[PDB]
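Here are the chains, one letter per residue:
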Number of protein chains: 2
Amino acid sequence: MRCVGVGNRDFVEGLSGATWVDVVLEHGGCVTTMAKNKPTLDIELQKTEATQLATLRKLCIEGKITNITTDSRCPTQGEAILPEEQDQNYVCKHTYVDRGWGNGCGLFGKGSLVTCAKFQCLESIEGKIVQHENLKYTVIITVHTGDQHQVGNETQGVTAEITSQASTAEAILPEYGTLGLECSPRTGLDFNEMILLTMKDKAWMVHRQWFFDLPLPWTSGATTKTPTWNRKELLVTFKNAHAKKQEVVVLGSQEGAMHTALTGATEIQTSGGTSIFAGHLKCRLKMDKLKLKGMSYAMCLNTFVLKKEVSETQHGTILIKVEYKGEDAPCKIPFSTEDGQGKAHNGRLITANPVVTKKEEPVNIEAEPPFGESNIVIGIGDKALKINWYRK
Amino acid sequence: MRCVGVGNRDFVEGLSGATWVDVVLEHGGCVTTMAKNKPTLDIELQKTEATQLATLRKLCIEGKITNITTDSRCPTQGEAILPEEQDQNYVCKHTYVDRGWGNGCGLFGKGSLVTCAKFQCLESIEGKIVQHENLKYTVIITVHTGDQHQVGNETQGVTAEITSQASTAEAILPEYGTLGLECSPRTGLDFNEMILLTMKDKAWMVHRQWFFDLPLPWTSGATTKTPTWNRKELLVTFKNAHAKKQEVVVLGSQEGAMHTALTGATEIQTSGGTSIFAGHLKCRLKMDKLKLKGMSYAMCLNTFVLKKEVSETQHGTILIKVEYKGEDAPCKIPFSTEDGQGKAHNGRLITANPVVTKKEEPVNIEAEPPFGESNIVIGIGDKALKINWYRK
Ligand SMILES: *[C@@H]1O[C@H](CO[C@H]2O[C@@H](C)[C@@H](O)[C@@H](O)[C@@H]2O)[C@@H](O[C@@H]2O[C@H](CO)[C@@H](O[C@@H]3O[C@H](CO[C@@H]4O[C@H](CO)[C@@H](O)[C@H](O)[C@@H]4O)[C@@H](O)[C@H](O[C@@H]4O[C@H](CO)[C@@H](O)[C@H](O)[C@@H]4O)[C@@H]3O)[C@H](O)[C@H]2NC(C)=O)[C@H](O)[C@H]1NC(C)=O
Ligand SMILES: *[C@@H]1O[C@H](CO[C@H]2O[C@@H](C)[C@@H](O)[C@@H](O)[C@@H]2O)[C@@H](O[C@@H]2O[C@H](CO)[C@@H](O[C@H]3O[C@H](CO)[C@@H](O)[C@H](O)[C@@H]3O)[C@H](O)[C@H]2NC(C)=O)[C@H](O)[C@H]1NC(C)=O
Ligand SMILES: *[C@@H]1O[C@H](CO[C@H]2O[C@@H](C)[C@@H](O)[C@@H](O)[C@@H]2O)[C@@H](O)[C@H](O)[C@H]1NC(C)=O
Ligand SMILES: *[C@@H]1O[C@H](CO)[C@@H](O)[C@H](O)[C@H]1NC(C)=O
């Protein structure tokens, strides 16, 4: 009964005739399902974690200059040269500074000079490439047991992983059997014109082209260190208007500027490996092998006293909690729906075939009452439990 | 002789008649001045440091969240509340989450919820406000002694501070007297429509209006800690689409984005407190009480041997270094300019009244030879020194 108490909750009907029941599992969503002589299921879609990815490019957003070296020749004696002009960890720019007797050159004129700066990237962006057959949605299916605490507990689920190519698999629900599902991963983002850009614990999804266009020093992705940052000119600058000495200057973090830019793009909020993509996944459940929780049970012959005051959910159902003051042991719970007097049936039951498993464990049931006045009859003849109800 | 070797160098002539000489001292500049029977000065404008400033406001560019606290009531039981909502250190937002039996509220419906977060600023900007009558320009005046090392040494000068309201002040040059200057600081930036915005070791100067408009958490300037950051929401964001829990999230450093935004703005090189401003300061020096280095000397009667090969400066002068193999002691240096034969004077002498102070200290002299062929005659009769020269 996980879905119990979830805002976005879909109730799917069994279609009296056949078994299969197609669904639509979506993030922030949940779906209760029910069928004729079939348990009521609460199928949810937990995550849309992409398995392994391939990192394409790798942008730098925080540069730190180190080991500044320089060399300078006099007038009429060619440019200077540092071996650092050939290293790639180093960015260098030549320039011309006044030179005379004063500063060591017996000749007067514009001398030559070159400066270099070892570049080390602190923080950086990784632009990843994900595609269709790379995703593994995890479905959690909690059967309506009626268990004492089962009411809206996102824990009790029966886990099932459904990949793009293992498209149809089956879950084994304790004492219910096996639920086969036939899902088909459709996605409203073409993972062919989109890059999964990471950055610290976060992650977006943008255009290949755009991502590539960003003004940022990069290094075609690869693990275990020491890059050769390309285009370090977009973060490292050189100034020298007075022609005296040349100042080196990094640009400071682009984290902020990137967030600001990543406005309209959809977020993904990375979890430290896995990710939550919005993916409206459509299946079709096979009720076949899925058996029920014993029709071979007798009807309970005693009383049910309402342990927790009944409540209405955000959709138009009730949740009854009752304790059996019997001794019947395993037995069905007599559910008789009254239209105010006792002539017909207007409201139906959600928790299919509610049972008392142990005299000592309270039983939760969820029903869908009629409109306006309605009376319930949980039990039999002798002091049978009555709950009058007003709907709408 | 500091100026000697400076690219942008200005030769200001005496205007034969009176004493005063107006000049124009500028960053990146240097001016050699000269007059009749007056020493040749080398006025330069060192720094344009603004004395004491007041911080108007103070924006924050990097936020760090801490001690996250929250409180949430059931449905139909009003919003939740925290004592932190009243704290200025905490930024808080209310929102609504699904509530049911499961998560502790016997009633079903949308619950109330408030979350808070102790905001703390790591790095922050300072917007100061300077106004003309605040700053002290520092002029360095080196006289052309002709001293052994003085050739372009930016050390030997005679310091002078000229403030906006200390408009005219005088400097004592050793063995030359006193030079008076009547400066009038003019600047091409209205320090009334601009704020000097610092940021780490850097600093620019932008429009008050713009500065304030910046999307940043501020705290009207004040020293010795513990701010009450105003409008913290411009860095802190809150998420809650699924209505389960509320996520706290900062925006990361704006350093980059700021630099990025500070493009057109003119820079100032804030160096440990004091700063450099582009200021074309215009003076007028009084040559009056500025005497010269003894006309009371006799002419040197021996030989001078060129100690360092003479060289042409970036403008069109020459720098003569010579040793006096004499014994005359303190004496003038007979400077005769030849037009190629000995009929007239085409070239002058920049280094005024060149003198040898000690037989054992070389003397440097700067002269301005005629165009084309020219011959120099330093000394008298006996093997006197000659330097053939070709100009243009
Ligand atoms: C820019 O200016 C600086 C300062 O110039 C000062 O010079 C004074 C003479 C005086 O006019 C001041 O008013 C003026 O401001 C220059 O500096 C000077 O550097 C020189 C060169 O290094 C220092 O000269 C001394 O040289 C001594 C001998 O070294 C030999 O010289 C022989 C020449 O006969 C030569 O044949 C040899 O081959 C060898 O090179 C050396 O022994 C001195 O050491 C000093 O020892 C005394 C103790 O007696 C100490 O008190 C002193 O501090 C030294 O340790 C010197 O090295 C001179 O000291 C420096 N002067 C000062 C105080 O700064 C600078 O060079 C110049 N820049 C340029 C244009 O190159
Ligand atoms: C949400 O559900 C969990 C787990 O609910 C479990 O209940 C038992 C009765 C089984 O039906 C099981 O399949 C189901 O998953 C609730 O947490 C706690 O569960 C404990 C049972 O494991 C329970 O009792 C104690 O005794 C058992 C052994 O018999 C022991 O394993 C436990 O550690 C525990 O000591 C305990 O009462 C229950 N928690 C509390 C304090 O009530 C959880 O309570 C549910 N949340 C809600 C809606 O309150
Ligand atoms: C904020 O917490 C400060 C540190 O207390 C920590 O104690 C740990 C045991 C754990 O509970 C953490 O969550 C706490 O942060 C504490 O010293 C301050 O008093 C707290 N309040 C302020 C000033 O923010
Ligand atoms: C650069 O300087 C560091 C110390 O700052 C030194 O360890 C290193 O040898 C120098 N050369 C390199 C590798 O850049």
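The rules behind the values
Residues numbered from 1 in each chain as written, not as in the entry; some residues may be left out. Chains lettered and ligands numbered in written order. Heavy atoms only, no water. Helix = DSSP H or I, 4+ residues; strand = E, 2+ residues; numbered from the N terminus. Rg over C-alpha atoms; globule rule 2.2 N^0.38 Å. Buried < 20%, exposed > 50% of the residue type's maximum accessible area, 1.4 Å probe, protein only. Contact = heavy atoms within 4.5 Å. Areas by Shrake-Rupley, 256 points an atom, 1.4 Å probe, with all protein chains shown as cover. Least-squares fit on C-alpha atoms. Pairing = 2+ DSSP bridges. Axes fitted to C-alpha atoms, helices over the stretch in contact; angles between N-to-C directions. Salt bridge = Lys/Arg side-chain N within 4 Å of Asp/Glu carboxyl O. Buried area = accessible area lost by both parts, 1.4 Å probe. Polar contact = N/O pair within 3.5 Å; in protein donor to acceptor, adjacent residues only side chain to side chain. Near = heavy atom within 4 Å. Nonpolar A, V, L, I, M, F, W, Y, C, P; charged D, E, K, R; others polar. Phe/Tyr/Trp six-rings, centres within 6.5 Å; stacked < 30°, edge-to-face > 60°. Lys NZ or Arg CZ within 6 Å of the ring centre and 35° of its normal.

For this deposition, the record names X-ray crystallography as the technique by which the model was determined and cites 3.50 Å as its resolution.

1. Some words on the overall build of chain A
Secondary structure assignment for chain A yields two helices and 31 strands. A globule of 392 residues ought to have a C-alpha radius of gyration of about 21 Å, yet chain A, at 35 Å, is considerably larger. Expressed as lengths along the three principal axes of its C-alpha atoms, the size of chain A is roughly 120 × 40 × 35 Å. When each of the 392 residues of chain A is scored for burial, the buried share is 47%. Sequence-distant contacts, at least 24 apart, represent 66% of the contacts inside chain A between residues at least 6 apart. Surface exposure of chain A reaches about 19,500 Å², of which carbon and sulfur atoms provide 49%.

2. So, the relation of the copies chain A and chain B
Here the two chain copies are tied together by a rotation about an axis and a shift along that axis. Superposition of chain A onto chain B requires a rotation of 180 degrees combined with a translation of 0.5 Å along the rotation axis, giving an RMSD of 0.3 Å. Viewed as a symmetry operation, the transformation between the two copies matches a two-fold axis. No C-alpha of chain A lies nearer the rotation axis than that of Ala257(A), which sits 2.5 Å from it.

3. A short note on the sheet that holds strand β30 (residues 372-378) of chain A
Residue and element names in this part refer to chain A. Overall, antiparallel pairing links the three strands, which are arranged β26-β30-β31 in an open sheet. Every other strand in the sheet has two partners, leaving β26 (335-338) and β31 (385-391) as the edge strands with one partner each. Averaged over all pairs of adjacent strands, the angle between strand axes in this sheet comes to 20 degrees, irrespective of strand direction. The sheet contact formed by β30 and β31 spans seven bridges and is antiparallel. Its bridge partner being in β31, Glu373 is matched across the sheet by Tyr390.

4. Section: the pattern of salt bridges
Residues and elements named next belong to chain B. Counted under the stated rule, the structure contains 33 salt bridges over all chains. Residue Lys307 is joined to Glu323 by a salt bridge in which the shortest nitrogen-to-oxygen separation is 2.7 Å. You can see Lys307 sitting in strand β21 (residues 304-312) and its partner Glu323 sitting in strand β22 (residues 318-324), a full 16 residues away along the chain. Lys307 gets classed as partly exposed once you look at its relative accessible area, which sits at 42%.

5. Here we look at the interface of chain A and chain B
Across the boundary between the two partners, chain A contributes 43 residues, which contact 43 residues of chain B. Carbon and sulfur atoms supply 56% of the area buried between chain A and chain B, which totals about 3,100 Å² over both sides. For the chain A face of the interface with chain B, the top three residues by lost area are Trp101(A), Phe108(A) and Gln314(A), together amounting to 22%. At the surface where chain A touches chain B, the tally comes to two salt bridges.

6. A few points about the environment of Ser253(A)
When you line up the elements, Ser253(A) lands in the loop between β20 (247-249) and α2 (255-261). The class for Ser253(A) is buried, based on a relative accessible area of 4%. Through-space distance from the C-alpha of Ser253(A) to that of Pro215(A) is 13 Å; in sequence the pair is 38 residues apart. Residues within four places of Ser253(A) in sequence aside, it is in contact with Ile61(A), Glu62(A), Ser253(B), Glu255(B), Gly256(B) and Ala257(B). Engagement of the side chain of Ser253(A) in a polar contact is seen with the backbone nitrogen of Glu255(A), the distance being 3.0 Å.

7. Some thoughts on the site of ligand 2
Neighbouring ligand 2 are the residues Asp147(A), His149(A), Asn153(A) and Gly102(B). Residue neighbours of ligand 2 fall on chains A and B, so the site bridges chains. Side-chain polar atom of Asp147(A) to an oxygen atom of ligand 2: 3.0 Å apart, as the coordinates give it. Between ligand 2 and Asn153(A) there is a distance of 2.4 Å, counted from an oxygen atom to a side-chain nitrogen or oxygen. Coverage of ligand 2 by the protein amounts to 28% of the 850 Å² it exposes when considered alone. Taken together, the residues that form the shell around ligand 2 break down as no nonpolar, three polar and one charged.

8. What to know about the packing of aromatic side chains
Scanning the entire structure with this criterion turns up 10 aromatic pairs over all chains. Here the basic side chain of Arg57(A) rests over the ring of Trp218(A), its NZ or CZ set 3.7 Å away from the ring centre.

9. Looking at the sheet that holds strand β13 (residues 158-163) of chain A
Residues and elements named next belong to chain A. The five strands are arranged β1-β3-β4-β12-β13 in an open sheet whose pairing can be described as mixed. Every other strand in the sheet has two partners, leaving β1 (10-12) and β13 as the edge strands with one partner each. The average undirected angle you get between the axes of adjacent strands in this sheet is 25 degrees. Pairing of strand β3 (residues 31-35) with strand β4 (residues 38-47) involves four bridges; the strand directions are antiparallel. Paired with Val31 across the bridge in β4 is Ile43.

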